[PDB]
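So this one's model.csv, CSV, C-alpha atoms and all ligand atoms:
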chain,number,residue,atom,x,y,z
A,1,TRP,CA,2.7,21.0,19.3
A,2,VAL,CA,1.0,20.8,22.7
A,3,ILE,CA,0.9,18.6,25.9
A,4,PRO,CA,-2.6,17.0,25.3
B,1,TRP,CA,-20.9,24.1,15.6
B,2,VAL,CA,-19.2,27.4,14.7
B,3,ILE,CA,-19.0,30.1,12.0
B,4,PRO,CA,-15.6,29.2,10.5
C,6,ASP,CA,-19.5,30.5,1.5
C,7,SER,CA,-22.1,30.5,4.4
C,8,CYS,CA,-21.2,27.1,5.8
C,9,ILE,CA,-21.2,26.1,9.5
C,10,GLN,CA,-18.3,24.1,10.8
C,11,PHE,CA,-18.3,21.1,13.4
C,12,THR,CA,-15.1,21.7,15.4
C,13,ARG,CA,-14.6,18.1,16.5
C,14,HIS,CA,-15.4,16.5,13.0
C,15,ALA,CA,-11.7,16.0,11.8
C,16,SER,CA,-10.6,14.5,15.2
C,17,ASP,CA,-13.7,12.1,15.2
C,18,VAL,CA,-12.9,11.0,11.7
C,19,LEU,CA,-9.3,10.2,12.6
C,20,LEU,CA,-10.4,8.4,15.8
C,21,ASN,CA,-12.7,6.1,13.7
C,22,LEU,CA,-10.0,5.5,11.1
C,23,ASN,CA,-7.7,4.4,14.0
C,24,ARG,CA,-10.5,2.1,15.3
C,25,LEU,CA,-10.8,0.5,11.8
C,26,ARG,CA,-7.0,0.1,11.7
C,27,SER,CA,-7.0,-1.6,15.2
C,28,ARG,CA,-9.8,-4.1,14.0
C,29,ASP,CA,-7.9,-4.6,10.7
C,30,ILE,CA,-11.0,-3.3,8.7
C,31,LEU,CA,-10.4,-2.3,5.0
C,32,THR,CA,-6.6,-2.1,5.5
C,33,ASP,CA,-5.2,-2.4,1.9
C,34,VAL,CA,-1.5,-2.5,2.5
C,35,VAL,CA,1.2,-4.1,4.7
C,36,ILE,CA,4.4,-2.0,5.3
C,37,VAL,CA,7.4,-4.2,5.9
C,38,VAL,CA,10.1,-2.8,8.1
C,39,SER,CA,12.8,-5.5,8.3
C,40,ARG,CA,11.3,-8.4,10.3
C,41,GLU,CA,8.2,-6.4,11.2
C,42,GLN,CA,4.9,-5.9,9.4
C,43,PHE,CA,2.4,-3.1,9.8
C,44,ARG,CA,-1.1,-3.1,8.3
C,45,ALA,CA,-2.6,0.3,7.3
C,46,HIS,CA,-4.9,2.2,4.9
C,47,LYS,CA,-3.0,3.6,1.8
C,48,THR,CA,-5.2,6.8,1.9
C,49,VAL,CA,-4.1,7.7,5.5
C,50,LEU,CA,-0.4,6.9,4.8
C,51,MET,CA,-0.6,9.3,1.7
C,52,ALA,CA,-2.5,11.9,3.8
C,53,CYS,CA,0.4,11.9,6.4
C,54,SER,CA,3.6,11.3,4.4
C,55,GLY,CA,5.3,12.8,1.4
C,56,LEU,CA,7.0,9.4,0.7
C,57,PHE,CA,3.7,7.4,0.8
C,58,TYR,CA,1.9,10.1,-1.3
C,59,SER,CA,4.6,9.7,-4.0
C,60,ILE,CA,4.5,5.8,-3.8
C,61,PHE,CA,0.7,5.4,-4.0
C,62,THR,CA,0.2,8.0,-6.8
C,63,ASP,CA,2.7,5.9,-8.9
C,64,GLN,CA,0.6,4.0,-11.6
C,65,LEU,CA,2.4,0.6,-10.7
C,66,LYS,CA,3.0,1.0,-7.0
C,67,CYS,CA,-0.6,2.1,-6.3
C,68,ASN,CA,-1.6,-1.6,-6.9
C,69,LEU,CA,0.9,-3.3,-4.6
C,70,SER,CA,-0.4,-4.9,-1.3
C,71,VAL,CA,3.2,-5.0,0.2
C,72,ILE,CA,5.7,-2.1,0.4
C,73,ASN,CA,9.2,-2.8,1.8
C,74,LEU,CA,11.0,0.1,3.4
C,75,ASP,CA,14.7,0.8,3.3
C,76,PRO,CA,16.6,-1.7,5.7
C,77,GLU,CA,18.1,1.3,7.7
C,78,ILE,CA,14.5,2.1,8.9
C,79,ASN,CA,13.9,1.2,12.5
C,80,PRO,CA,10.6,-0.7,13.1
C,81,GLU,CA,10.0,1.0,16.5
C,82,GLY,CA,10.5,4.5,14.9
C,83,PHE,CA,8.0,3.4,12.1
C,84,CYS,CA,5.5,2.1,14.7
C,85,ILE,CA,5.6,5.5,16.7
C,86,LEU,CA,5.1,7.4,13.4
C,87,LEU,CA,2.3,5.1,12.2
C,88,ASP,CA,0.6,5.7,15.6
C,89,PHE,CA,1.0,9.5,15.2
C,90,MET,CA,-0.5,9.4,11.7
C,91,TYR,CA,-3.7,7.8,13.1
C,92,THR,CA,-3.9,9.8,16.4
C,93,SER,CA,-2.0,13.2,16.2
C,94,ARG,CA,0.0,11.9,19.3
C,95,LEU,CA,3.8,11.4,19.0
C,96,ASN,CA,5.5,9.2,21.6
C,97,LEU,CA,8.8,11.1,21.5
C,98,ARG,CA,11.4,10.0,24.1
C,99,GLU,CA,15.2,10.4,24.7
C,100,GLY,CA,15.6,6.7,23.8
C,101,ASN,CA,13.8,6.9,20.5
C,102,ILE,CA,14.2,10.5,19.2
C,103,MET,CA,17.1,9.8,16.8
C,104,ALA,CA,15.2,6.8,15.2
C,105,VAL,CA,11.9,8.8,15.1
C,106,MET,CA,13.6,11.8,13.4
C,107,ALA,CA,15.4,9.6,10.9
C,108,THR,CA,12.2,7.8,10.0
C,109,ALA,CA,10.2,11.1,9.8
C,110,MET,CA,12.9,12.4,7.4
C,111,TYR,CA,12.6,9.3,5.2
C,112,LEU,CA,8.8,9.3,5.3
C,113,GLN,CA,8.8,13.1,4.6
C,114,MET,CA,6.7,14.2,7.6
C,115,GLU,CA,8.0,17.7,8.0
C,116,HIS,CA,6.2,18.7,11.2
C,117,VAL,CA,7.6,15.7,13.0
C,118,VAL,CA,11.1,16.4,11.7
C,119,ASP,CA,10.7,20.0,13.0
C,120,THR,CA,9.7,19.0,16.6
C,121,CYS,CA,12.5,16.4,16.7
C,122,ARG,CA,15.1,19.1,15.6
C,123,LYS,CA,13.8,21.5,18.3
C,124,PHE,CA,13.8,18.8,21.1
C,125,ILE,CA,17.4,17.8,20.1
C,126,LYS,CA,18.6,21.4,20.0
C,127,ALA,CA,17.3,22.0,23.6
C,128,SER,CA,19.2,18.9,24.9
C,129,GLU,CA,22.6,20.3,23.4
D,6,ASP,CA,1.4,8.4,28.3
D,7,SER,CA,3.9,11.2,27.8
D,8,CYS,CA,3.0,11.9,24.1
D,9,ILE,CA,3.1,15.4,22.5
D,10,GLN,CA,0.1,16.3,20.2
D,11,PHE,CA,0.1,18.2,16.8
D,12,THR,CA,-3.1,20.3,17.0
D,13,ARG,CA,-3.6,20.7,13.2
D,14,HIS,CA,-2.9,17.0,12.3
D,15,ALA,CA,-6.5,15.7,12.1
D,16,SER,CA,-7.6,18.8,10.0
D,17,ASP,CA,-4.5,18.3,7.7
D,18,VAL,CA,-5.3,14.6,7.2
D,19,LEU,CA,-8.9,15.4,6.3
D,20,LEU,CA,-7.8,18.2,3.9
D,21,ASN,CA,-5.5,15.6,2.1
D,22,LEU,CA,-8.3,13.0,2.0
D,23,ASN,CA,-10.5,15.6,0.3
D,24,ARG,CA,-7.7,16.4,-2.2
D,25,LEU,CA,-7.5,12.7,-3.0
D,26,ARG,CA,-11.3,12.5,-3.5
D,27,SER,CA,-11.3,15.6,-5.8
D,28,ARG,CA,-8.5,14.0,-8.0
D,29,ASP,CA,-10.4,10.6,-7.8
D,30,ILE,CA,-7.3,8.9,-6.2
D,31,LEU,CA,-7.9,5.5,-4.5
D,32,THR,CA,-11.7,6.0,-4.3
D,33,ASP,CA,-13.1,2.5,-4.0
D,34,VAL,CA,-16.9,3.0,-4.2
D,35,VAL,CA,-19.6,4.8,-6.1
D,36,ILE,CA,-22.7,5.9,-4.2
D,37,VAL,CA,-25.7,6.0,-6.5
D,38,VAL,CA,-28.5,8.5,-5.5
D,39,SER,CA,-31.2,8.2,-8.2
D,40,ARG,CA,-29.6,9.5,-11.4
D,41,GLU,CA,-26.5,10.8,-9.6
D,42,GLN,CA,-23.2,9.1,-8.8
D,43,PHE,CA,-20.7,10.1,-6.1
D,44,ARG,CA,-17.2,8.6,-5.9
D,45,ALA,CA,-15.7,8.2,-2.4
D,46,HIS,CA,-13.4,6.3,0.0
D,47,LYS,CA,-15.3,3.5,2.0
D,48,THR,CA,-13.1,4.3,5.1
D,49,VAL,CA,-14.1,8.0,5.2
D,50,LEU,CA,-17.8,7.1,4.7
D,51,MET,CA,-17.7,4.6,7.5
D,52,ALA,CA,-15.8,7.1,9.8
D,53,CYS,CA,-18.7,9.6,9.3
D,54,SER,CA,-21.9,7.6,9.0
D,55,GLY,CA,-23.5,4.9,11.1
D,56,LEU,CA,-25.2,3.6,7.9
D,57,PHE,CA,-22.0,3.3,5.9
D,58,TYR,CA,-20.2,1.8,9.0
D,59,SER,CA,-22.9,-1.0,9.1
D,60,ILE,CA,-22.8,-1.5,5.2
D,61,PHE,CA,-19.0,-1.8,4.9
D,62,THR,CA,-18.5,-4.1,8.0
D,63,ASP,CA,-21.0,-6.5,6.4
D,64,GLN,CA,-19.0,-9.5,5.0
D,65,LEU,CA,-20.8,-9.3,1.5
D,66,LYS,CA,-21.4,-5.6,1.1
D,67,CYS,CA,-17.7,-4.7,2.1
D,68,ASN,CA,-16.7,-6.0,-1.4
D,69,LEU,CA,-19.3,-4.1,-3.5
D,70,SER,CA,-18.0,-1.2,-5.8
D,71,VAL,CA,-21.5,0.3,-6.1
D,72,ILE,CA,-24.0,1.1,-3.4
D,73,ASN,CA,-27.5,2.3,-4.3
D,74,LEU,CA,-29.3,4.5,-1.7
D,75,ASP,CA,-33.1,4.5,-1.0
D,76,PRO,CA,-35.0,6.4,-3.9
D,77,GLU,CA,-36.4,8.9,-1.4
D,78,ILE,CA,-32.8,10.3,-0.8
D,79,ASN,CA,-32.2,13.6,-2.5
D,80,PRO,CA,-28.9,13.8,-4.5
D,81,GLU,CA,-28.3,17.5,-3.4
D,82,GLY,CA,-28.8,16.5,0.3
D,83,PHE,CA,-26.3,13.7,-0.2
D,84,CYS,CA,-23.8,15.9,-2.0
D,85,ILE,CA,-23.9,18.5,0.9
D,86,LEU,CA,-23.4,15.7,3.5
D,87,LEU,CA,-20.5,14.1,1.4
D,88,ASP,CA,-18.8,17.5,1.3
D,89,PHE,CA,-19.3,17.8,5.1
D,90,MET,CA,-17.7,14.3,5.7
D,91,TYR,CA,-14.6,15.4,3.8
D,92,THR,CA,-14.3,19.1,5.1
D,93,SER,CA,-16.2,19.5,8.5
D,94,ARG,CA,-18.2,22.3,6.7
D,95,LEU,CA,-22.0,22.0,6.3
D,96,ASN,CA,-23.7,24.1,3.6
D,97,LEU,CA,-27.0,24.4,5.5
D,98,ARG,CA,-29.6,26.7,3.9
D,99,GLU,CA,-33.4,27.4,4.2
D,100,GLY,CA,-33.8,25.8,0.8
D,101,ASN,CA,-32.0,22.6,1.6
D,102,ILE,CA,-32.4,22.1,5.4
D,103,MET,CA,-35.3,19.6,5.1
D,104,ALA,CA,-33.4,17.4,2.5
D,105,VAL,CA,-30.1,17.7,4.5
D,106,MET,CA,-31.8,16.6,7.8
D,107,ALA,CA,-33.7,13.7,6.1
D,108,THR,CA,-30.4,12.5,4.5
D,109,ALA,CA,-28.5,12.8,7.8
D,110,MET,CA,-31.1,10.8,9.6
D,111,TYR,CA,-30.9,8.0,6.9
D,112,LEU,CA,-27.1,8.1,6.9
D,113,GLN,CA,-27.1,8.1,10.8
D,114,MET,CA,-25.0,11.3,11.2
D,115,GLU,CA,-26.2,12.4,14.6
D,116,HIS,CA,-24.4,15.7,15.0
D,117,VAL,CA,-25.8,16.9,11.6
D,118,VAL,CA,-29.3,15.8,12.6
D,119,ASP,CA,-28.9,17.8,15.9
D,120,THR,CA,-27.9,21.1,14.3
D,121,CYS,CA,-30.7,20.7,11.6
D,122,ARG,CA,-33.3,20.2,14.5
D,123,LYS,CA,-32.0,23.3,16.3
D,124,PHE,CA,-32.0,25.5,13.1
D,125,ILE,CA,-35.6,24.3,12.3
D,126,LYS,CA,-36.8,25.0,15.9
D,127,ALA,CA,-35.4,28.6,15.8
D,128,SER,CA,-37.4,29.3,12.6
D,129,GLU,CA,-40.7,28.1,14.2
A,201,LIG,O1,5.2,16.6,5.6
A,201,LIG,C1,4.4,16.2,4.7
A,201,LIG,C2,3.1,15.5,4.9
A,201,LIG,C3,2.6,15.3,3.5
A,201,LIG,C4,1.4,14.7,3.0
A,201,LIG,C5,1.3,14.6,1.6
A,201,LIG,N1,-0.1,14.4,1.2
A,201,LIG,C6,-0.8,15.0,0.2
A,201,LIG,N2,-0.4,16.2,-0.2
A,201,LIG,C7,-1.1,16.8,-1.2
A,201,LIG,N3,-2.2,16.4,-1.7
A,201,LIG,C8,-2.6,15.1,-1.3
A,201,LIG,CL1,-4.0,14.5,-2.2
A,201,LIG,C9,-1.9,14.4,-0.4
A,201,LIG,CL2,-2.5,12.8,0.2
A,201,LIG,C10,2.2,15.1,0.7
A,201,LIG,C11,3.4,15.7,1.2
A,201,LIG,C12,3.6,15.7,2.6
A,201,LIG,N4,4.6,16.3,3.3
A,202,LIG,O1,-23.4,9.8,14.0
A,202,LIG,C1,-22.7,8.8,13.8
A,202,LIG,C2,-21.3,8.9,13.1
A,202,LIG,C3,-20.9,7.5,13.1
A,202,LIG,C4,-19.7,6.8,12.6
A,202,LIG,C5,-19.5,5.5,12.8
A,202,LIG,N1,-18.2,5.0,12.7
A,202,LIG,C6,-17.5,4.1,13.5
A,202,LIG,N2,-17.9,4.0,14.7
A,202,LIG,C7,-17.1,3.2,15.5
A,202,LIG,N3,-16.0,2.6,15.2
A,202,LIG,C8,-15.7,2.7,13.9
A,202,LIG,CL1,-14.3,1.7,13.4
A,202,LIG,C9,-16.3,3.5,13.0
A,202,LIG,CL2,-15.8,3.7,11.4
A,202,LIG,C10,-20.5,4.7,13.5
A,202,LIG,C11,-21.7,5.3,14.0
A,202,LIG,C12,-21.8,6.7,13.7
A,202,LIG,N4,-22.9,7.5,14.1
A,203,CL,CL,4.0,15.6,10.1
A,204,CL,CL,-22.3,14.0,12.1
Since I need it in another form, could you write the structure as structure tokens?
Ligand SMILES: O=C1Cc2cc(Nc3ncnc(Cl)c3Cl)ccc2N1
Ligand SMILES: O=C1Cc2cc(Nc3ncnc(Cl)c3Cl)ccc2N1
Ligand SMILES: [Cl-]
Ligand SMILES: [Cl-]
Amino acid sequence: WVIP
Amino acid sequence: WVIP
Amino acid sequence: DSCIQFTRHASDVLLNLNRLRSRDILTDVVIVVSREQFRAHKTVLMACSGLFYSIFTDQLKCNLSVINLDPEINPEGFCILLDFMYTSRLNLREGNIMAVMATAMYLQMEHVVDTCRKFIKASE
Amino acid sequence: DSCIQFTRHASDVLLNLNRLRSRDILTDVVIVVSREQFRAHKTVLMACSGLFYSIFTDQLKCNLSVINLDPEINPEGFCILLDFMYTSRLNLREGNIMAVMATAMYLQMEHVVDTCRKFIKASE
């Protein structure tokens, strides 16, 4: 999971 | 396009 | 093999599947979550959820145009997860995390369940 | 927004759509390319090809279970492109590049047309  |  | 790979292909396919969903094109099922209805493509639902994969591989349920979810399922939690299925983006917030995790557990979306558990653990 | 994004989600969806295609699950169209037949999902074809997008948004053609392609289309070229649609991997070779580029032009798959043009230019 990432900060887009 | 890339070499996978 | 000796194939070449187009890096953005999967993302571009998912973007177009979401555009078809937004315009209601070739949607073949309505998911009923209490008073709320959500139109979708059976193939995308199966591709994202262990529950939908089981439902639409069933010889009788594969032909249904309406699927009613358990009354304990929160429509907003379902909406957030349906948006994630079609975009890869999860709108996870303090106000919805419990409903999102419960819906992801029911829908069998293990990566969502995992990030909800981690976000909850950090707040404890 | 304040969404989080699962990096591998689009690739995982496409992998599962290909598994459904391989097991012939919820395929809703057969593409006829001379003597050869290819089963697929209309939504994936539309998501990958300008030609299929135009065909399946047409009010009459959207309901057809069989689509016949132009007789000049090479079945192997179509097969390679259908595999690319479902995997992001293109099996481009000296022996098939001309058929693949011609099929990609007909199917309106601009990124494939682009790499074929570049690979051909390099060989000249
Ligand atoms: O957490 C998850 C996400 C998920 C998706 C699916 N889907 C499929 N799996 C295998 N082959 C096929 Cl053909 C599909 Cl469609 C099954 C289980 C789960 N669990
Ligand atoms: O080279 C290409 C690949 C491609 C795909 C599509 N597909 C869609 N485009 C816009 N919205 C939607 Cl809803 C879809 Cl399905 C249209 C044109 C082209 N051209
Ligand atoms: Cl997931
Ligand atoms: Cl393309």
Next item on the list: May I have the residues within 9 Å of residue B:3 as a list in words, using only C-alpha atoms and disregarding those fewer than 5 positions away in the same chain?
Entry: residues 7, 8, 9 and 10 of chain C
Margin query: If I take atom CA of residue C:45 and atom CA of residue C:92, how far is one from the other in Å, to one decimal?
Written below: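 So the two atoms, atom CA of residue C:45 and atom CA of residue C:92, lie 13.2 Å apart.
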Checklist line | Site check for ligand LIG 201 (chain A): residues at most 9 Å away, only C-alpha atoms and all ligand atoms, as a PyMOL selection string | finding: (chain C and resi 48-59+62+109-110+112-118) or (chain D and resi 17-18+20-28+30)
Next item on the list: Name all residues at most 12 Å from residue C:102 (count only C-alpha atoms; drop same-chain ones fewer than 6 positions away) and give them as a count of residues only.
Entry: 21
Note to self: Please compute the atom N3 of ligand LIG 202 (chain A)-atom CA of residue D:89 distance, one decimal, in Å.
What the structure shows: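 According to the coordinates, atom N3 of ligand LIG 202 (chain A) and atom CA of residue D:89 are separated by 18.5 Å.
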Check: From the set D:11, D:111, D:61, D:43, which residue has the shortest atom-to-atom contact distance to chain C, counting all atoms listed in the file?
Finding: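 Under the stated criterion, the closest residue is D:11.
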Check: Smallest atom-to-atom distance to ligand LIG 202 (chain A): which of D:39, D:47, D:14, D:94, using all atoms listed in the file?
Finding: D:47
Checklist line | Selection as a ChimeraX atom specification: residues within 12 Å of (10.6, 9.9, 33.6), counting all atoms listed in the file | finding: /C:98-100 /D:6-7
Margin query: Just want the 8 Å neighbourhood of residue D:41, counted on all atoms listed in the file, with same-chain residues fewer than 3 positions away dropped. Output as a PyMOL selection string.
Written below: chain D and resi 37-38+80
Next item on the list: Mind giving me the straight-line distance from atom CA of residue D:34 to atom CA of residue D:72 in Å, one decimal?
Entry: 7.4 Å
Next item on the list: Point out the residue among C:63, C:33, C:75, C:88 with the least atom-to-atom distance to ligand CL 203 (chain A), counting all atoms listed in the file.
Entry: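 For ligand CL 203 (chain A), the nearest of the given residues is C:88.
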Would you fill out chain A with N, CA and C atoms and return it as a CSV table (one decimal), keeping the file's coordinate frame?
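To be explicit, this is the file written out as part_32.csv:
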chain,number,residue,atom,x,y,z
A,1,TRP,N,2.6,22.1,18.4
A,1,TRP,CA,2.7,21.0,19.3
A,1,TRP,C,2.3,21.4,20.7
A,2,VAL,N,1.5,20.5,21.4
A,2,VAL,CA,1.0,20.8,22.7
A,2,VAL,C,1.2,19.5,23.6
A,3,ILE,N,1.0,19.7,24.9
A,3,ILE,CA,0.9,18.6,25.9
A,3,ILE,C,-0.6,18.4,25.9
A,4,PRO,N,-1.1,17.2,25.4
A,4,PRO,CA,-2.6,17.0,25.3
A,4,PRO,C,-3.2,16.7,26.7
